[PDB]
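Novice: This one's experimental. Sequence and coordinates below.
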Amino acid sequence: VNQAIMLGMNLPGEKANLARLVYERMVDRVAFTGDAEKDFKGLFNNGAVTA
Amino acid sequence: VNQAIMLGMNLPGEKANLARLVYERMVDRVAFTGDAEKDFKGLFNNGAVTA
Amino acid sequence: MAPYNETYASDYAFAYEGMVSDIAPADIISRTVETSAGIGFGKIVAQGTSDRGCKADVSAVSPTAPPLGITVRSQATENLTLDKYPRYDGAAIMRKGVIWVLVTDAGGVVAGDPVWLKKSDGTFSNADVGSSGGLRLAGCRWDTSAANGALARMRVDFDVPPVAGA
Amino acid sequence: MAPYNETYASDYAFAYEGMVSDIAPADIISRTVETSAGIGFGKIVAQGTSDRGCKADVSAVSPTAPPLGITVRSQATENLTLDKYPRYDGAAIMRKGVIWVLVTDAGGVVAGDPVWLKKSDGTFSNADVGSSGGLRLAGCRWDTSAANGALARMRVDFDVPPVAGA
Amino acid sequence: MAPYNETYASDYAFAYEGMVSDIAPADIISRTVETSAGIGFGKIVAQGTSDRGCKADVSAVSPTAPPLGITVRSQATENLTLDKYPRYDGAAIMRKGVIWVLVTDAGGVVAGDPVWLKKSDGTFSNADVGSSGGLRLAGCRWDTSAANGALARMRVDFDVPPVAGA
């Protein structure tokens, strides 16, 4: 970080934005599919609806 | 440090004097000889001069 | 104003089932509970099938499949199971600190003893059972003298592989 | 505006070659690189001859001369070697945390497996090679299911002595 | 203005008997000294009889009763015993960090060596004594090349059980 200011990159400030981005990515993946670790069945693969 | 403070010793300031001193020691050793860890050839053992 | 279970004790007790004692290092690990019923607080856990889950069933642990760690007392646990981690919940496993656990031995334990696990139920003791049904947690030791069925604190390190004892 | 090596990936990748995953404990150790060429990021290292140096050559490690640790991804490394620690440089070895490494096994690995080192090249795998050319890092375990030639995170503890396997 | 014990040294020394070298992890443990005389600074200690005490007598340690740790240099110690922990005093045992200790071996030690304890006196060395009077501290290693009767720093981990050597 003391070295990425020599090139004007602002390392700590670039990480929070991308952390929020990956946050939204995770929320989306949970909402539309399932992980099979907490048994969160999603909208596209729920096993109780008729196909 | 609290036992040294009530004796007027100032442990934090007495550990900085000797740290500066050993820093100067390190700079001297680097200048006048080599480490063979960074290949910092010194004045007394540089292999590029004629002997 | 609830005076039931009043015993008029001489002085304060020592700890509860799974409480820790402060120290700088601790590996606390987040796992997901896999057993249908919950998992108690000071208990041993095995490696689950969900790649991050844990089970309270340690009947099949071996030197090749060592146990995972010991749960800790959380005090914020869904208030439907009294003192347990409910199904599908963060488990907070510990594998480096010093923790209070329950003693299951006839003669009790003293300061520095080996820790032996009984695979049948998952209880800690001082000596091996004697029918290929006990493991020795190689890096582990006691820290208190305690009688049968009392609380004793022990120091734990789960990176050292266990030793099978017949 | 460089669009080369665009693969239009479905979602973000998991990690890079030697990146760590946050946790409270970590022994990170400063060593000096001794090999003529650099040393890669997620790699094993042996004990050097300079009393604080390290080499990337682990062809002669034994239970009597255990390996030293695993390097970590530094991201500030002299820009002349692409992703390496150049000769005569601080190496930042790690021997306690959890680190992403590369898998070299036919069938892949799953959550809890032994970690076997192939002394010939210095690659990690699931089972022993079978010709007195592999060690078992006794205190080590995987933490991810991964296929051949993929990244998997493993938990590492180098104070436990290794085990020789013929 | 005290010029006695002036040796006009070339440069600064390395450390003192029991000083530590900075690193993030360290288990420092508070014990109470039980021996009638004090306990030196860089010394090994056994498990006391007071459930939190320690003794400097390690003549009876075994794999079943492993040693407890190594004391550290405190510098605030009652000024009546020169460099010792007096009787009935907090001892500050260490069992994870890297510490400077004294070498007792004919040929000296080098960077990576086993650490052998001589139970008769409690001195550290490179190889086993040879009469069932030495232990190997399984998780322990040196970090400096040093001659006989000099200071060398070693890395220590006391959760790994010791190994008996005849």
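Specialist: Nice, thanks for sending it over. Residues are numbered from 1 along each chain as shown, chains lettered A, B, ... in the order given.
Novice: burial count for the residue in chain C positioned nearest to chain B?
Specialist: Closest residue of chain C to chain B, C-beta to the nearest C-beta: residue C:24 (18.7 Å). All C-beta atoms are positioned from the backbone trio N, CA, C, and that covers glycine. Residues near residue C:24, counting by other C-beta atoms under 10 Å in any protein chain shown, number 13.
Novice: same deal with residue C:71?
Specialist: As a burial measure, residue C:71 scores 27 neighbours (other C-beta under 10 Å).
Novice: OK, contacts around residue C:41?
Specialist: Listed by C-beta atoms under 8 Å, 6 or more residues apart in numbering or on different chains, the contact set of residue C:41 reads C:16-18, C:71-74, C:83-84.
Novice: Ramachandran coordinates for the residue nearest in space to the middle of chain C?
Specialist: Most central in chain C under C-alpha atoms, centre = their mean is residue C:43, positioned 3.2 Å from the mean C-alpha point. According to degrees, to the nearest 10, the main-chain angles of residue C:43 amount to phi -140, psi 160.
Novice: most surrounded residue in the contacts of residue C:41?
Specialist: Ranked by neighbours (other C-beta under 10 Å), those are led by residue C:71, which has 27 neighbours.
Novice: ok, now how distant is that residue from residue C:26?
Specialist: Distance from residue C:71 to residue C:26, counting by C-beta to C-beta, to the nearest Å: 13 Å.
Novice: same thing with residue C:157?
Specialist: Note on residue C:157: its distance to residue C:26, by C-beta to C-beta, is 11 Å.
Novice: Can you give me the neighbour number for the closest residue to residue C:80 other than its chain neighbours?
Specialist: Closest residue to residue C:80 apart from its sequence neighbours, by C-beta to C-beta, 6 or more residues apart in numbering or on different chains: residue C:86 at 6.6 Å. Residue C:86 is flanked by 15 other residues according to other C-beta under 10 Å.
Novice: ok, now which ones touch residue C:133?
Specialist: Contacts were defined as C-beta under 8 Å, 6+ apart; by that measure residue C:133 touches C:118-120.
Novice: will you turn those into a markdown table that also has neighbour count, secondary structure and distance to chain E?
Specialist: Shown next, in a markdown table, are the contacts of residue C:133 (neighbours: other C-beta atoms under 10 Å in any protein chain shown; DSSP: H, G, I helix; E, B strand; the rest coil; distance: C-beta to the nearest C-beta, whole Å):
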| residue | neighbour count | secondary structure | distance to chain E |
| --- | --- | --- | --- |
| C:118 | 17 | strand | 19 |
| C:119 | 19 | coil | 20 |
| C:120 | 12 | coil | 24 |
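Novice: closest to residue C:141 among these?
Specialist: residue C:118 (17.7 Å; C-beta to C-beta).
Novice: Surely the residue nearest to the centre of chain C touches residue C:124?
Specialist: No - assessed by C-beta atoms under 8 Å, residue C:43 is found out of contact with residue C:124, at 10.1 Å.
Novice: which bits of chain C sit near chain E?
Specialist: Within chain C, the residues that sit near chain E (C-beta under 8 Å from any C-beta of the partner chain) are C:23-25, C:110-112, C:114, C:138-141, C:144-145, C:155, C:157, C:160.
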